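A.B. asks: This one is target.txt, compact mmCIF, N, CA, C and O atoms.
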# COMPACT_ATOMS: atom_id res chain seq x y z
N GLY T 1 30.34 16.90 92.10
CA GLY T 1 30.79 15.68 91.44
C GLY T 1 29.61 14.87 90.96
O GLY T 1 28.46 15.17 91.30
N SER T 2 29.87 13.83 90.16
CA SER T 2 28.86 13.04 89.46
C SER T 2 27.79 13.94 88.80
O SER T 2 26.60 13.63 88.85
N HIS T 3 28.20 15.08 88.25
CA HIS T 3 27.31 15.93 87.47
C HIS T 3 26.95 15.19 86.18
O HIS T 3 27.72 14.35 85.71
N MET T 4 25.76 15.48 85.67
CA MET T 4 25.06 14.93 84.51
C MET T 4 23.58 15.15 84.82
O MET T 4 23.01 14.38 85.59
N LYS T 5 22.99 16.24 84.33
CA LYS T 5 21.57 16.62 84.42
C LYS T 5 21.49 18.10 84.18
O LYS T 5 22.30 18.87 84.69
N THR T 6 20.45 18.49 83.46
CA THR T 6 20.11 19.87 83.17
C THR T 6 19.70 20.59 84.47
O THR T 6 19.47 19.95 85.49
N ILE T 7 19.61 21.92 84.43
CA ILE T 7 19.29 22.77 85.57
C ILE T 7 18.20 23.73 85.07
O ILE T 7 17.20 23.24 84.54
N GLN T 8 18.36 25.05 85.17
CA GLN T 8 17.44 26.06 84.68
C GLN T 8 18.20 27.38 84.56
O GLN T 8 18.89 27.76 85.51
N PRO T 9 18.05 28.11 83.45
CA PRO T 9 18.87 29.25 83.10
C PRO T 9 18.60 30.40 84.09
O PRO T 9 17.66 31.18 83.92
N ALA T 10 19.41 30.48 85.15
CA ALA T 10 19.26 31.47 86.21
C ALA T 10 20.38 32.51 86.21
O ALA T 10 20.31 33.49 86.93
N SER T 11 21.42 32.26 85.43
CA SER T 11 22.45 33.21 85.05
C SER T 11 23.24 32.53 83.94
O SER T 11 23.06 31.33 83.70
N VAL T 12 24.12 33.27 83.27
CA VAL T 12 24.99 32.72 82.24
C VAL T 12 25.80 31.52 82.77
O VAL T 12 26.09 30.61 82.01
N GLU T 13 26.14 31.49 84.06
CA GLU T 13 26.80 30.37 84.75
C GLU T 13 26.03 29.07 84.54
O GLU T 13 26.63 28.01 84.34
N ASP T 14 24.71 29.14 84.60
CA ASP T 14 23.84 27.99 84.48
C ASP T 14 23.79 27.54 83.02
O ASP T 14 24.05 26.38 82.71
N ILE T 15 23.54 28.49 82.11
CA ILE T 15 23.49 28.22 80.67
C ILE T 15 24.83 27.60 80.22
O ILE T 15 24.81 26.66 79.42
N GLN T 16 25.98 28.07 80.72
CA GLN T 16 27.31 27.48 80.52
C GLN T 16 27.28 26.03 80.96
O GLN T 16 27.47 25.17 80.10
N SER T 17 27.05 25.72 82.24
CA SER T 17 27.12 24.33 82.68
C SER T 17 26.13 23.42 81.95
O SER T 17 26.45 22.25 81.73
N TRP T 18 24.99 23.95 81.52
CA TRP T 18 24.00 23.21 80.76
C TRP T 18 24.58 22.83 79.41
O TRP T 18 24.56 21.66 79.04
N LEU T 19 25.08 23.83 78.68
CA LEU T 19 25.69 23.63 77.39
C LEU T 19 26.81 22.62 77.53
O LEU T 19 26.87 21.67 76.76
N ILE T 20 27.65 22.82 78.54
CA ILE T 20 28.85 22.03 78.77
C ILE T 20 28.47 20.57 79.02
O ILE T 20 29.03 19.67 78.40
N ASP T 21 27.56 20.30 79.94
CA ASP T 21 27.20 18.94 80.32
C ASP T 21 26.47 18.28 79.16
O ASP T 21 26.77 17.14 78.82
N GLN T 22 25.56 18.99 78.50
CA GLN T 22 24.93 18.50 77.29
C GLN T 22 25.95 18.26 76.16
O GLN T 22 25.63 17.53 75.22
N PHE T 23 27.16 18.81 76.24
CA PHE T 23 28.24 18.53 75.30
C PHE T 23 28.87 17.23 75.78
O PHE T 23 28.94 16.28 75.02
N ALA T 24 29.22 17.16 77.08
CA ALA T 24 29.78 15.98 77.73
C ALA T 24 28.98 14.73 77.38
O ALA T 24 29.52 13.77 76.85
N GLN T 25 27.67 14.78 77.61
CA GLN T 25 26.72 13.69 77.42
C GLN T 25 26.41 13.42 75.94
O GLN T 25 25.75 12.43 75.63
N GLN T 26 26.79 14.31 75.02
CA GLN T 26 26.81 13.96 73.60
C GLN T 26 28.09 13.17 73.29
O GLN T 26 28.04 12.23 72.51
N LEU T 27 29.21 13.58 73.88
CA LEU T 27 30.56 13.22 73.47
C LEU T 27 31.13 12.05 74.28
O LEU T 27 32.13 11.46 73.86
N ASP T 28 30.46 11.66 75.37
CA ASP T 28 30.76 10.57 76.29
C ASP T 28 31.88 10.95 77.28
O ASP T 28 32.51 10.07 77.88
N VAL T 29 32.13 12.25 77.50
CA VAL T 29 33.28 12.80 78.23
C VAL T 29 32.88 13.46 79.56
O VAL T 29 31.74 13.32 80.00
N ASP T 30 33.84 14.07 80.27
CA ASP T 30 33.55 14.90 81.41
C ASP T 30 33.09 16.25 80.87
O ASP T 30 33.54 16.68 79.81
N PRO T 31 32.26 16.98 81.62
CA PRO T 31 31.90 18.33 81.25
C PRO T 31 33.13 19.23 81.22
O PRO T 31 33.28 20.07 80.34
N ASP T 32 34.03 19.02 82.17
CA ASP T 32 35.20 19.86 82.32
C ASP T 32 36.20 19.63 81.17
O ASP T 32 37.18 20.37 81.07
N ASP T 33 35.98 18.62 80.32
CA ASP T 33 36.81 18.35 79.14
C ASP T 33 36.32 19.13 77.90
O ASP T 33 36.97 19.09 76.85
N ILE T 34 35.20 19.85 78.01
CA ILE T 34 34.66 20.67 76.93
C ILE T 34 35.35 22.03 76.80
O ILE T 34 35.36 22.85 77.73
N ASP T 35 35.86 22.35 75.60
CA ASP T 35 36.38 23.65 75.24
C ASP T 35 35.22 24.59 74.93
O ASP T 35 34.82 24.75 73.77
N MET T 36 34.75 25.31 75.93
CA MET T 36 33.82 26.43 75.76
C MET T 36 34.31 27.58 74.90
O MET T 36 33.53 28.51 74.66
N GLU T 37 35.55 27.54 74.42
CA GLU T 37 36.16 28.60 73.64
C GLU T 37 36.50 28.12 72.23
O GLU T 37 36.74 28.96 71.35
N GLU T 38 36.49 26.80 71.98
CA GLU T 38 36.69 26.21 70.67
C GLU T 38 35.37 26.17 69.93
O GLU T 38 34.31 26.03 70.55
N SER T 39 35.44 26.30 68.61
CA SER T 39 34.24 26.34 67.82
C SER T 39 33.59 24.96 67.82
O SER T 39 34.25 23.93 67.64
N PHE T 40 32.27 24.96 67.97
CA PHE T 40 31.47 23.76 67.95
C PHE T 40 31.60 23.00 66.63
O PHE T 40 31.35 21.79 66.62
N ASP T 41 31.97 23.66 65.52
CA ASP T 41 32.04 23.00 64.23
C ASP T 41 33.19 21.99 64.22
O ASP T 41 33.25 21.14 63.32
N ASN T 42 34.10 22.07 65.19
CA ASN T 42 35.21 21.14 65.32
C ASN T 42 34.86 19.98 66.24
O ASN T 42 35.44 18.89 66.08
N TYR T 43 33.90 20.14 67.16
CA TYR T 43 33.33 19.08 67.94
C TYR T 43 32.31 18.32 67.10
O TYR T 43 32.06 18.62 65.92
N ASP T 44 31.68 17.34 67.72
CA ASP T 44 30.69 16.42 67.16
C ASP T 44 29.43 17.11 66.62
O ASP T 44 28.58 16.43 66.04
N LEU T 45 29.28 18.44 66.71
CA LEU T 45 28.10 19.21 66.27
C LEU T 45 28.00 19.33 64.73
O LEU T 45 27.47 20.33 64.22
N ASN T 46 28.46 18.32 63.99
CA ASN T 46 28.79 18.30 62.56
C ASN T 46 28.07 19.34 61.71
O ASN T 46 28.74 20.22 61.16
N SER T 47 26.74 19.27 61.60
CA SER T 47 25.93 20.41 61.19
C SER T 47 24.52 20.28 61.75
O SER T 47 24.08 21.13 62.54
N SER T 48 23.79 19.22 61.40
CA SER T 48 22.40 19.07 61.82
C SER T 48 22.26 18.84 63.32
O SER T 48 21.22 19.16 63.90
N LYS T 49 23.33 18.37 63.98
CA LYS T 49 23.42 18.30 65.43
C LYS T 49 22.91 19.55 66.10
O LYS T 49 22.25 19.44 67.14
N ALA T 50 23.24 20.71 65.53
CA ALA T 50 22.89 21.98 66.13
C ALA T 50 21.38 21.97 66.45
O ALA T 50 21.00 22.34 67.55
N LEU T 51 20.52 21.49 65.55
CA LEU T 51 19.07 21.53 65.67
C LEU T 51 18.54 20.65 66.80
O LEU T 51 17.58 21.06 67.45
N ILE T 52 19.11 19.46 67.05
CA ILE T 52 18.72 18.62 68.18
C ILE T 52 18.83 19.45 69.44
O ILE T 52 17.88 19.61 70.21
N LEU T 53 20.05 19.93 69.69
CA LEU T 53 20.40 20.56 70.95
C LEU T 53 19.87 21.98 71.04
O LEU T 53 19.62 22.45 72.15
N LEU T 54 19.64 22.66 69.92
CA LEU T 54 18.83 23.87 69.85
C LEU T 54 17.43 23.53 70.35
O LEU T 54 17.02 24.10 71.35
N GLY T 55 16.73 22.56 69.75
CA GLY T 55 15.39 22.15 70.16
C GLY T 55 15.31 21.60 71.58
O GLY T 55 14.20 21.39 72.09
N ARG T 56 16.45 21.36 72.23
CA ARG T 56 16.54 21.22 73.68
C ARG T 56 16.64 22.60 74.31
O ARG T 56 15.79 22.95 75.11
N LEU T 57 17.66 23.37 73.95
CA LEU T 57 18.01 24.68 74.50
C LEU T 57 16.83 25.65 74.53
O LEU T 57 16.52 26.19 75.59
N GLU T 58 16.18 25.91 73.40
CA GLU T 58 15.06 26.85 73.34
C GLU T 58 13.94 26.43 74.28
O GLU T 58 13.44 27.22 75.07
N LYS T 59 13.59 25.15 74.22
CA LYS T 59 12.62 24.52 75.10
C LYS T 59 13.00 24.55 76.57
O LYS T 59 12.12 24.76 77.41
N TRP T 60 14.28 24.36 76.90
CA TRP T 60 14.81 24.47 78.25
C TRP T 60 14.57 25.89 78.76
O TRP T 60 14.18 26.07 79.91
N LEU T 61 14.77 26.88 77.88
CA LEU T 61 14.60 28.29 78.20
C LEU T 61 13.12 28.72 78.15
O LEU T 61 12.79 29.76 78.71
N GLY T 62 12.26 27.95 77.49
CA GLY T 62 10.82 28.17 77.37
C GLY T 62 10.38 28.91 76.10
O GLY T 62 9.22 29.33 76.03
N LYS T 63 11.26 29.09 75.10
CA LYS T 63 11.06 30.01 73.98
C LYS T 63 11.38 29.32 72.65
O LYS T 63 11.24 28.10 72.53
N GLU T 64 11.78 30.08 71.63
CA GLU T 64 12.38 29.68 70.36
C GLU T 64 13.88 30.00 70.38
O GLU T 64 14.38 30.54 71.37
N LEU T 65 14.58 29.70 69.28
CA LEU T 65 15.94 30.11 68.94
C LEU T 65 15.98 30.51 67.45
O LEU T 65 14.94 30.70 66.82
N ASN T 66 17.18 30.71 66.88
CA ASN T 66 17.41 31.08 65.48
C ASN T 66 18.72 30.43 65.03
O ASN T 66 19.66 30.40 65.84
N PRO T 67 18.88 29.97 63.78
CA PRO T 67 20.07 29.23 63.36
C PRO T 67 21.31 30.13 63.34
O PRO T 67 22.42 29.65 63.53
N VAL T 68 21.10 31.43 63.17
CA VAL T 68 22.12 32.46 63.20
C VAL T 68 22.97 32.35 64.46
O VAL T 68 24.14 32.66 64.41
N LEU T 69 22.41 31.89 65.59
CA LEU T 69 23.18 31.84 66.82
C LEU T 69 24.21 30.73 66.82
O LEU T 69 25.23 30.88 67.49
N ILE T 70 24.00 29.68 66.03
CA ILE T 70 25.08 28.76 65.66
C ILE T 70 26.15 29.60 64.99
O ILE T 70 27.29 29.63 65.43
N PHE T 71 25.75 30.35 63.98
CA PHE T 71 26.61 31.05 63.05
C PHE T 71 27.13 32.39 63.61
O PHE T 71 27.62 33.21 62.83
N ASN T 72 26.97 32.66 64.92
CA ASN T 72 27.29 33.93 65.57
C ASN T 72 27.87 33.69 66.97
O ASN T 72 28.70 34.46 67.44
N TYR T 73 27.45 32.62 67.67
CA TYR T 73 28.00 32.24 68.95
C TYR T 73 28.28 30.72 68.95
O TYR T 73 27.61 29.98 69.67
N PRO T 74 29.22 30.19 68.14
CA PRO T 74 29.52 28.75 68.08
C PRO T 74 30.50 28.29 69.17
O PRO T 74 31.35 27.44 68.92
N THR T 75 30.36 28.75 70.41
CA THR T 75 31.20 28.38 71.55
C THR T 75 30.33 28.56 72.79
O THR T 75 29.37 29.35 72.77
N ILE T 76 30.62 27.87 73.90
CA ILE T 76 29.85 28.05 75.12
C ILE T 76 30.04 29.49 75.63
O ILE T 76 29.05 30.15 75.93
N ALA T 77 31.28 30.00 75.65
CA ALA T 77 31.64 31.30 76.21
C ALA T 77 31.06 32.50 75.43
O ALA T 77 31.23 33.66 75.82
N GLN T 78 30.38 32.25 74.32
CA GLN T 78 29.67 33.23 73.52
C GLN T 78 28.19 32.88 73.56
O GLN T 78 27.38 33.76 73.82
N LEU T 79 27.82 31.61 73.33
CA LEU T 79 26.42 31.21 73.28
C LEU T 79 25.77 31.41 74.63
O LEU T 79 24.79 32.15 74.72
N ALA T 80 26.30 30.78 75.69
CA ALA T 80 25.77 30.92 77.04
C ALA T 80 25.66 32.39 77.41
O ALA T 80 24.60 32.82 77.85
N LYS T 81 26.72 33.16 77.17
CA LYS T 81 26.73 34.59 77.40
C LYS T 81 25.54 35.25 76.70
O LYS T 81 24.70 35.86 77.35
N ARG T 82 25.48 35.18 75.37
CA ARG T 82 24.49 35.91 74.60
C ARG T 82 23.08 35.45 74.97
O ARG T 82 22.13 36.24 74.96
N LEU T 83 22.90 34.18 75.32
CA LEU T 83 21.63 33.66 75.83
C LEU T 83 21.29 34.36 77.15
O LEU T 83 20.15 34.78 77.34
N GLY T 84 22.27 34.61 78.01
CA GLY T 84 22.10 35.43 79.20
C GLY T 84 21.81 36.91 78.93
O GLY T 84 21.74 37.67 79.89
N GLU T 85 21.66 37.34 77.68
CA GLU T 85 21.29 38.71 77.32
C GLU T 85 19.99 38.75 76.53
O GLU T 85 19.16 39.65 76.70
N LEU T 86 19.81 37.79 75.62
CA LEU T 86 18.57 37.62 74.87
C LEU T 86 17.43 37.18 75.80
O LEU T 86 16.28 37.53 75.54
N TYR T 87 17.77 36.44 76.85
CA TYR T 87 16.82 35.81 77.75
C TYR T 87 16.97 36.40 79.15
O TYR T 87 16.02 37.02 79.63
N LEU T 88 18.12 36.18 79.78
CA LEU T 88 18.36 36.59 81.16
C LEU T 88 18.74 38.07 81.23
O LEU T 88 19.39 38.50 82.21
I'd like the structure from this file rewritten - as structure tokens, please.
C.D. replies:
Amino acid sequence: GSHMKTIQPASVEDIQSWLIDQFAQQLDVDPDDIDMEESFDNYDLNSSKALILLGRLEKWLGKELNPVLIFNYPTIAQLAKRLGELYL
């Protein structure tokens, strides 16, 4: 309870909760209110949003990212997953 803070990508479970809470804290909501299966283009990630939170995500992971991953995994249940394969 009272979750709100990043962790470290130690399995896809972690990358999920990170994405989720960083969605919560963008949107002013609970993390558990985030649709990890709905496309981010329907949430507040309008377009350039992707780059803010990408430039968090890649840095959180210690690396770079690519814009294609917006355009290929636009959901937590795909992004967190695929990050757990590109990285973890």
A.B. asks: To one decimal place, how far is CA of residue 72 (chain T) from atom O of residue 11 (chain T) in Å?
C.D. replies: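 One can read the CA of residue 72 (chain T) to atom O of residue 11 (chain T) distance as 18.8 Å.
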A.B. asks: Which centre and edge lengths in Å to one decimal define the box along x, y and z that fits every listed atom of region 65-84 of chain T plus 4 Å per side, as lines of an AutoDock Vina configuration file?
C.D. replies:
center_x = 23.1
center_y = 32.6
center_z = 71.4
size_x = 25.1
size_y = 18.2
size_z = 25.1
A.B. asks: Select all residues near (18.0, 25.2, 68.6) (cut-off 9 Å, inclusive, file coordinates), counting only C-alpha atoms, and output them as a PDB file with N, CA, C and O atoms, in the frame of the given file.
C.D. replies:
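Generated output (selection-v8.pdb):
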ATOM      1  N   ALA T  50      23.240  20.710  65.530  1.00  0.00           N
ATOM      2  CA  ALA T  50      22.890  21.980  66.130  1.00  0.00           C
ATOM      3  C   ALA T  50      21.380  21.970  66.450  1.00  0.00           C
ATOM      4  O   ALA T  50      21.000  22.340  67.550  1.00  0.00           O
ATOM      5  N   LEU T  51      20.520  21.490  65.550  1.00  0.00           N
ATOM      6  CA  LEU T  51      19.070  21.530  65.670  1.00  0.00           C
ATOM      7  C   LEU T  51      18.540  20.650  66.800  1.00  0.00           C
ATOM      8  O   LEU T  51      17.580  21.060  67.450  1.00  0.00           O
ATOM      9  N   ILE T  52      19.110  19.460  67.050  1.00  0.00           N
ATOM     10  CA  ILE T  52      18.720  18.620  68.180  1.00  0.00           C
ATOM     11  C   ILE T  52      18.830  19.450  69.440  1.00  0.00           C
ATOM     12  O   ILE T  52      17.880  19.610  70.210  1.00  0.00           O
ATOM     13  N   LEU T  53      20.050  19.930  69.690  1.00  0.00           N
ATOM     14  CA  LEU T  53      20.400  20.560  70.950  1.00  0.00           C
ATOM     15  C   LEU T  53      19.870  21.980  71.040  1.00  0.00           C
ATOM     16  O   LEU T  53      19.620  22.450  72.150  1.00  0.00           O
ATOM     17  N   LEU T  54      19.640  22.660  69.920  1.00  0.00           N
ATOM     18  CA  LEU T  54      18.830  23.870  69.850  1.00  0.00           C
ATOM     19  C   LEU T  54      17.430  23.530  70.350  1.00  0.00           C
ATOM     20  O   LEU T  54      17.020  24.100  71.350  1.00  0.00           O
ATOM     21  N   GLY T  55      16.730  22.560  69.750  1.00  0.00           N
ATOM     22  CA  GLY T  55      15.390  22.150  70.160  1.00  0.00           C
ATOM     23  C   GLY T  55      15.310  21.600  71.580  1.00  0.00           C
ATOM     24  O   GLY T  55      14.200  21.390  72.090  1.00  0.00           O
ATOM     25  N   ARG T  56      16.450  21.360  72.230  1.00  0.00           N
ATOM     26  CA  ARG T  56      16.540  21.220  73.680  1.00  0.00           C
ATOM     27  C   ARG T  56      16.640  22.600  74.310  1.00  0.00           C
ATOM     28  O   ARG T  56      15.790  22.950  75.110  1.00  0.00           O
ATOM     29  N   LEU T  57      17.660  23.370  73.950  1.00  0.00           N
ATOM     30  CA  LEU T  57      18.010  24.680  74.500  1.00  0.00           C
ATOM     31  C   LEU T  57      16.830  25.650  74.530  1.00  0.00           C
ATOM     32  O   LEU T  57      16.520  26.190  75.590  1.00  0.00           O
ATOM     33  N   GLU T  58      16.180  25.910  73.400  1.00  0.00           N
ATOM     34  CA  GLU T  58      15.060  26.850  73.340  1.00  0.00           C
ATOM     35  C   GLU T  58      13.940  26.430  74.280  1.00  0.00           C
ATOM     36  O   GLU T  58      13.440  27.220  75.070  1.00  0.00           O
ATOM     37  N   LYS T  59      13.590  25.150  74.220  1.00  0.00           N
ATOM     38  CA  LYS T  59      12.620  24.520  75.100  1.00  0.00           C
ATOM     39  C   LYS T  59      13.000  24.550  76.570  1.00  0.00           C
ATOM     40  O   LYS T  59      12.120  24.760  77.410  1.00  0.00           O
ATOM     41  N   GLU T  64      11.780  30.080  71.630  1.00  0.00           N
ATOM     42  CA  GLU T  64      12.380  29.680  70.360  1.00  0.00           C
ATOM     43  C   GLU T  64      13.880  30.000  70.380  1.00  0.00           C
ATOM     44  O   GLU T  64      14.380  30.540  71.370  1.00  0.00           O
ATOM     45  N   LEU T  65      14.580  29.700  69.280  1.00  0.00           N
ATOM     46  CA  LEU T  65      15.940  30.110  68.940  1.00  0.00           C
ATOM     47  C   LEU T  65      15.980  30.510  67.450  1.00  0.00           C
ATOM     48  O   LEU T  65      14.940  30.700  66.820  1.00  0.00           O
ATOM     49  N   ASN T  66      17.180  30.710  66.880  1.00  0.00           N
ATOM     50  CA  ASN T  66      17.410  31.080  65.480  1.00  0.00           C
ATOM     51  C   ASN T  66      18.720  30.430  65.030  1.00  0.00           C
ATOM     52  O   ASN T  66      19.660  30.400  65.840  1.00  0.00           O
ATOM     53  N   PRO T  67      18.880  29.970  63.780  1.00  0.00           N
ATOM     54  CA  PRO T  67      20.070  29.230  63.360  1.00  0.00           C
ATOM     55  C   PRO T  67      21.310  30.130  63.340  1.00  0.00           C
ATOM     56  O   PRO T  67      22.420  29.650  63.530  1.00  0.00           O
ATOM     57  N   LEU T  69      22.410  31.890  65.590  1.00  0.00           N
ATOM     58  CA  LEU T  69      23.180  31.840  66.820  1.00  0.00           C
ATOM     59  C   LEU T  69      24.210  30.730  66.820  1.00  0.00           C
ATOM     60  O   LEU T  69      25.230  30.880  67.490  1.00  0.00           O
ATOM     61  N   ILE T  70      24.000  29.680  66.030  1.00  0.00           N
ATOM     62  CA  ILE T  70      25.080  28.760  65.660  1.00  0.00           C
ATOM     63  C   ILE T  70      26.150  29.600  64.990  1.00  0.00           C
ATOM     64  O   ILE T  70      27.290  29.630  65.430  1.00  0.00           O
TER      65      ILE T  70
END
A.B. asks: List the neighbours of region 26-28 of chain T out to 10 Å using only C-alpha atoms; skip same-chain residues closer than 4 positions along the sequence, and give me the result as a list in words.
C.D. replies: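 Residues meeting the cut-off are residues 20, 21, 22, 33, 34, 43, 44, 45, 49 and 53 of chain T.
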A.B. asks: My list of candidates is T:68, T:25, T:85, T:80. Which is closest to residue 13 (chain T) when distances are computed with only C-alpha atoms?
C.D. replies: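 Checking each of T:68, T:25, T:85, T:80 against residue 13 (chain T), counting only C-alpha atoms, the winner is T:80.
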A.B. asks: Can you list, as a list in words, every protein, DNA or RNA residue that comes within 12 Å of residue 16 (chain T) when you count only C-alpha atoms, leaving out same-chain residues fewer than 6 positions away?
C.D. replies: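 These residues fall inside the cut-off: residues 6, 7, 8, 9, 10, 22, 23, 31, 32, 34, 35, 36, 37, 57, 75, 76, 77, 78, 79, 80, 81, 82, 83 and 84 of chain T.
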A.B. asks: Output the selection as a CSV table (one decimal), keeping the file's coordinate frame - N, CA, C and O atoms for each residue.
C.D. replies:
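The resulting file, out-v3.csv, is reproduced below:
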chain,number,residue,atom,x,y,z
T,6,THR,N,20.4,18.5,83.5
T,6,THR,CA,20.1,19.9,83.2
T,6,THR,C,19.7,20.6,84.5
T,6,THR,O,19.5,20.0,85.5
T,7,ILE,N,19.6,21.9,84.4
T,7,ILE,CA,19.3,22.8,85.6
T,7,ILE,C,18.2,23.7,85.1
T,7,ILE,O,17.2,23.2,84.5
T,8,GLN,N,18.4,25.0,85.2
T,8,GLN,CA,17.4,26.1,84.7
T,8,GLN,C,18.2,27.4,84.6
T,8,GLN,O,18.9,27.8,85.5
T,9,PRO,N,18.0,28.1,83.4
T,9,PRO,CA,18.9,29.2,83.1
T,9,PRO,C,18.6,30.4,84.1
T,9,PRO,O,17.7,31.2,83.9
T,10,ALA,N,19.4,30.5,85.2
T,10,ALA,CA,19.3,31.5,86.2
T,10,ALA,C,20.4,32.5,86.2
T,10,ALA,O,20.3,33.5,86.9
T,22,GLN,N,25.6,19.0,78.5
T,22,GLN,CA,24.9,18.5,77.3
T,22,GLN,C,26.0,18.3,76.2
T,22,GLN,O,25.6,17.5,75.2
T,23,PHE,N,27.2,18.8,76.2
T,23,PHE,CA,28.2,18.5,75.3
T,23,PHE,C,28.9,17.2,75.8
T,23,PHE,O,28.9,16.3,75.0
T,31,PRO,N,32.3,17.0,81.6
T,31,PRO,CA,31.9,18.3,81.2
T,31,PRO,C,33.1,19.2,81.2
T,31,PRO,O,33.3,20.1,80.3
T,32,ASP,N,34.0,19.0,82.2
T,32,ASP,CA,35.2,19.9,82.3
T,32,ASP,C,36.2,19.6,81.2
T,32,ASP,O,37.2,20.4,81.1
T,34,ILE,N,35.2,19.8,78.0
T,34,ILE,CA,34.7,20.7,76.9
T,34,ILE,C,35.4,22.0,76.8
T,34,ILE,O,35.4,22.8,77.7
T,35,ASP,N,35.9,22.4,75.6
T,35,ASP,CA,36.4,23.6,75.2
T,35,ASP,C,35.2,24.6,74.9
T,35,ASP,O,34.8,24.8,73.8
T,36,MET,N,34.8,25.3,75.9
T,36,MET,CA,33.8,26.4,75.8
T,36,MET,C,34.3,27.6,74.9
T,36,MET,O,33.5,28.5,74.7
T,37,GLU,N,35.6,27.5,74.4
T,37,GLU,CA,36.2,28.6,73.6
T,37,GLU,C,36.5,28.1,72.2
T,37,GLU,O,36.7,29.0,71.4
T,57,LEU,N,17.7,23.4,74.0
T,57,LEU,CA,18.0,24.7,74.5
T,57,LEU,C,16.8,25.6,74.5
T,57,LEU,O,16.5,26.2,75.6
T,75,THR,N,30.4,28.8,70.4
T,75,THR,CA,31.2,28.4,71.6
T,75,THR,C,30.3,28.6,72.8
T,75,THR,O,29.4,29.4,72.8
T,76,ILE,N,30.6,27.9,73.9
T,76,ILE,CA,29.8,28.0,75.1
T,76,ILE,C,30.0,29.5,75.6
T,76,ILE,O,29.0,30.2,75.9
T,77,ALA,N,31.3,30.0,75.6
T,77,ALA,CA,31.6,31.3,76.2
T,77,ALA,C,31.1,32.5,75.4
T,77,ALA,O,31.2,33.7,75.8
T,78,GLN,N,30.4,32.2,74.3
T,78,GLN,CA,29.7,33.2,73.5
T,78,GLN,C,28.2,32.9,73.6
T,78,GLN,O,27.4,33.8,73.8
T,79,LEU,N,27.8,31.6,73.3
T,79,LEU,CA,26.4,31.2,73.3
T,79,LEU,C,25.8,31.4,74.6
T,79,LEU,O,24.8,32.2,74.7
T,80,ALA,N,26.3,30.8,75.7
T,80,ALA,CA,25.8,30.9,77.0
T,80,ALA,C,25.7,32.4,77.4
T,80,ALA,O,24.6,32.8,77.8
T,81,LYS,N,26.7,33.2,77.2
T,81,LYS,CA,26.7,34.6,77.4
T,81,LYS,C,25.5,35.2,76.7
T,81,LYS,O,24.7,35.9,77.4
T,82,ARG,N,25.5,35.2,75.4
T,82,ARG,CA,24.5,35.9,74.6
T,82,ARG,C,23.1,35.4,75.0
T,82,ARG,O,22.1,36.2,75.0
T,83,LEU,N,22.9,34.2,75.3
T,83,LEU,CA,21.6,33.7,75.8
T,83,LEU,C,21.3,34.4,77.2
T,83,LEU,O,20.2,34.8,77.3
T,84,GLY,N,22.3,34.6,78.0
T,84,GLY,CA,22.1,35.4,79.2
T,84,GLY,C,21.8,36.9,78.9
T,84,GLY,O,21.7,37.7,79.9
A.B. asks: How many Å separate CA of residue 74 (chain T) from CA of residue 62 (chain T)?
C.D. replies: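 Computing the Euclidean distance for CA of residue 74 (chain T) and CA of residue 62 (chain T) yields 20.9 Å.
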A.B. asks: Mind pulling up the distance from CA of residue 14 (chain T) to CA of residue 73 (chain T)?
C.D. replies: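 Separation of CA of residue 73 (chain T) and CA of residue 14 (chain T): 16.6 Å.
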